[PDB]
Amino acid sequence: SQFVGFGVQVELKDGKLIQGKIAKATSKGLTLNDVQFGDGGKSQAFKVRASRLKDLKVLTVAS
Amino acid sequence: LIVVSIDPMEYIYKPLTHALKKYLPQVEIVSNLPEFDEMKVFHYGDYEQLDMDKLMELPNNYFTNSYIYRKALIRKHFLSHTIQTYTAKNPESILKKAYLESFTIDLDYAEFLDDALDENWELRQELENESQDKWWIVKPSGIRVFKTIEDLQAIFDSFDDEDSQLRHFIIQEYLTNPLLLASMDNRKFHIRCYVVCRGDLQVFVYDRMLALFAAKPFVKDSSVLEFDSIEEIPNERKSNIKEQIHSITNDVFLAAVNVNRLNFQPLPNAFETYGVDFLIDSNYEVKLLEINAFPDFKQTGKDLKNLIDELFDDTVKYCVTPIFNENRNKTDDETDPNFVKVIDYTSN
Amino acid sequence: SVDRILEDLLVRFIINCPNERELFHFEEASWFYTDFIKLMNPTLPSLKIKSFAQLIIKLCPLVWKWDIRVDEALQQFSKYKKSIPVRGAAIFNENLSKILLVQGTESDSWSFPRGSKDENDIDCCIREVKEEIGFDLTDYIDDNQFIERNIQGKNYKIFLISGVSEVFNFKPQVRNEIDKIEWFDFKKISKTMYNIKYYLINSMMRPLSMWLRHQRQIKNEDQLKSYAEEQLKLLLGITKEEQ
Amino acid sequence: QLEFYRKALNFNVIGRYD
Ligand SMILES: [Mg+2]
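What follows is the structure, encoded as structure tokens:
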């Protein structure tokens, strides 16, 4: 469960792609710190649910 | 110019540079030659760190201590085939008797040995026909003896249970007729000999040679001895032993020129030196094993080093000096009793 | 600091120069900090031959003697050394334990497989490995990793490959050019180094070793990225392939 | 000049490394 710090990339079915480092991993949701979107938007806090998730890749490990 | 690319720590520096100053003091010893990168340059270095194009292309400019293509003698595989063909032409020669036939084998760990034995048919039969045949040896290029192919089958069965992660093997005819000296604890010995090769093409057997003994009498102490210093061997048998050495080296050097020009090939702008190994048999017959280029001169101890000095003298006197002197040099030279000109030629 | 290194580099190389070529000293320093500072200070920039050579001209302009151009002098140095260029590959196994070496038909020294009128460095390496080993290295070649040293004129540029199969039945395409091919336990080579004859590998025992470590951390962690890729999918709910 | 200043700069590298 201690998957914190692992910078992950999330590809989505809506047409969007979101990178950003993981803050919380739960069976219902994935929460991201410093989330960068392939639409030109950067936010410091993102909450995405299990259901609204399509593709995932684990970009980098923690420092 | 004198390009001594070889390491100063290395053995043949004091015997080679002290002869490269005794004969050529008006010439300058230089370490690395890639500064200039047209006149006369001699270069003594190591095969891998030598410039080949600069030698086969500017012949009268560059001069070295090695020939480029010369695998016919140095490589065991090419050596066995070279004497075989020379003998299949001139059967009258000694070479066949002196030669201890040695095969090689590509053995991938997964791959069987019958298939890597069927890979070398030339060996297959030498092991298949056994009637009175010489007991064979297997170098791991451990050291073992056999006669059957099925004898060798079982040796290869050992290797896995003993570690194996080895591909290249050598098979040679091991003869149990050696010379056991009561003065030497009957320790098994072989002889190392230095041959010199000036241009296209002169051959010189250096007649000071070393007897090298394995510490175990059967498979008093004095590791390396000049063979010309053995008090046990008679002088009239010792000199015949030397004669056989001179005849083998005669028949085996031209046996390369005349077989295929592309395999062994000498340059008029270079000179070469090899370690011709033999073995004295019980009935006082010498049997050669291998000719090696850039041999380890260090083997001849720190005592018996003058053996390597007198050699480096005669290699500079008969090889490096005519590069810079006159054309009168040839008829002016005097024959040393320990540097015999076994072969003479007219290039190409 | 970053400039404390650049300083020390000139103190070791640029200052060993007196008393009596400076283009080699410049290449050597660039190699030192390219095949050592890279693996140790991973953040730092991998500045080129010309660039790093210019970088010194701005900080120590007292060391430069003539009025001849920077770029013009590196052209001149490469112009001098333009005899025969050599390229090769250092092929390591899957476990990063052994390197695959070749021994020539004329020499008993063990070097990396090495050796075109128009083709580039990568095509030369692919073609020479395919001719001396049989394995067509096309699939494994990474263009951004290599070591370089010029031996008495000839330039040697060796590429670095890992994950190659130990089981593979290697055989030469050119039969009488490569006498033997064998895998060498890396740890052993390092200990044997100073009876067995090794050509180029000896000049790069340190960078090869460092690179092996780098290629191991990157492999061990890449495994924990695949682990977590799975370990997160098998809990992050609705995860499949609909398209 | 360079010879002398070199006796002051290289000192800040030997004394800091080991
Ligand atoms: Mg095979």
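Protein chains in written order, with the authors' numbering: chain C, 2 to 64; chain P, 335 to 371, 378 to 481, 488 to 509, 537 to 592, 623 to 751; chain A, 14 to 33, 40 to 134, 137 to 215, 218 to 266; chain B, 14 to 31. Virtual Cβ for every residue (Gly too), placed ideally from N, Cα, C.
| query | result |
| --- | --- |
| Give a yes or no on whether the minimum CB-CB distance between P/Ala450 and chain A is below 8 angstroms. | yes |
| Among residues of its own chain, excluding the 5 on either side of A/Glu203, which ones have a beta-carbon nearer than 7 angstroms to its beta-carbon? | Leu120 |
| Do the segment 346-356 of chain P and the segment 29-36 of chain C meet, that is, are 3 or more Cβ pairs less than 8 angstroms apart? | no |
| Provide the residue(s) that pair with C/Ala26 in DSSP beta bridges, ordered along the chain. | C/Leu31 |
| Less than 7 angstroms between the CB of A/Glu46 and some heavy atom of ligand 1, yes or no? | no |
| Determine the chain A residues that contact P/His541 at a beta-carbon separation under 8 angstroms, and present them in chain order. | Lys201 and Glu203 |
| Is DSSP giving P/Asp739 helix, strand or coil here? | coil |
| Using a Cβ-based criterion (distance less than 7 angstroms to any ligand heavy atom), does P/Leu350 qualify as near ligand 1? | no |
| For P/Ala456, is the beta carbon positioned less than 7 angstroms from some heavy atom of ligand 1? | yes |
| Would you call the segment 461-479 of chain P in contact with the segment 537-544 of chain P, where contact means no fewer than 3 C-beta pairs closer than 8 angstroms? | yes |
| Between the segment 38-48 of chain C and the segment 12-25 of chain C, do at least 3 Cβ pairs fall closer than 8 angstroms? | yes |
| Of all the CB atoms in chain P, is at least one closer than 8 angstroms to the CB of A/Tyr215? | no |
| Under 8 angstroms Cβ-Cβ, which residues of chain B neighbour A/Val89? | Per Cβ cutoff of 8 angstroms: no residues; A/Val89 is ~20 angstroms from chain B at best. |
| Applying the 10 Å Cβ sphere with the 16-neighbour rule, what's the burial state of residue 485 of chain P? | Here residue 485 of chain P is not present, the numbering of chain P passing from 481 to 488 in one jump. |
| Can you tell which of P/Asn430, P/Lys690, P/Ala588 and P/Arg581 has the C-alpha that lies nearest to the C-alpha of P/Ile633? | P/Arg581 |
| Of the residues P/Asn460, P/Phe492, P/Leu419 and P/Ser365, which one's Cα is nearest the Cα of P/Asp680? | P/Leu419 |
| Quick one: what does DSSP say P/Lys733 is sitting in, helix, strand or coil? | helix |
| Are the Cβ atoms of P/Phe700 and P/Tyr384 separated by less than 8 angstroms? | no |
| For A/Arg239 versus A/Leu115, is the C-beta distance shorter than 8 angstroms? | yes |
| Please classify P/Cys722: is it buried, with 16 or more other beta-carbons within 10 angstroms of its beta-carbon, or exposed? | buried |
| Given that A/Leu81 touches chain B, what residues does it touch there, using C-beta distances under 7 angstroms? | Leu15 |
| Could you name the residues of chain A that P/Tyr347 contacts, counting a contact when the two beta carbons are closer than 9 angstroms? | Going along chain A, no residue has its Cβ under 9 angstroms from P/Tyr347, so there is no contact; the nearest lies around 17 angstroms. |
| Measuring only from the beta carbon, is P/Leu463 closer than 7 angstroms to any heavy atom that is part of ligand 1? | no |
| With a 10 Å radius around its C-beta and 16 neighbouring C-beta atoms as the bar for buried, classify P/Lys690 as buried or exposed. | buried |
| Please find out if some non-hydrogen atom of ligand 1 comes closer than 7 angstroms to the beta-carbon of C/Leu31. | no |
| Quick one: what does DSSP say residue 10 of chain A is sitting in, helix, strand or coil? | Missing from the structure shown is residue 10 of chain A; chain A here goes from 14 to 266 and no further. |
| So what does DSSP say about A/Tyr215, is it helix, strand or coil? | coil |
| Can you confirm whether the segment 436-443 of chain P touches the segment 419-428 of chain P when touching is taken to mean that 3 or more C-beta pairs between the two stretches lie within less than 8 angstroms? | yes |
| Measure the C-alpha to C-alpha separation of A/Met228 and A/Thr213 and round it to an integer number of angstroms. | 12 angstroms |
| Below 8 angstroms on the Cβ atoms is my guess for A/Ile168 versus A/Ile179; work out the distance and round it to an integer in Å. | 5 angstroms |
| Does the distance from the C-beta atom of P/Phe403 to that of P/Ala673 stay below 8 angstroms? | yes |
| Does at least one heavy atom of ligand 1 sit under 7 angstroms from the Cβ of C/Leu13? | no |
| Counting only Cβ-Cβ distances shorter than 7 angstroms, please list the residues of the segment 253-266 of chain A near chain C, keeping chain order. | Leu255, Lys256, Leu258, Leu259, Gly260, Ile261 and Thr262 |
| So with Cβ pairs under 8 angstroms, would you call P/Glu344 a contact of chain A? | no |
| Between the C-alpha atoms of P/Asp624 and P/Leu390, what's the straight-line distance to the nearest angstrom? | 39 angstroms |
| Check this for me: beta carbons of P/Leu583 and P/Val627, under 8 angstroms apart or not? | yes |
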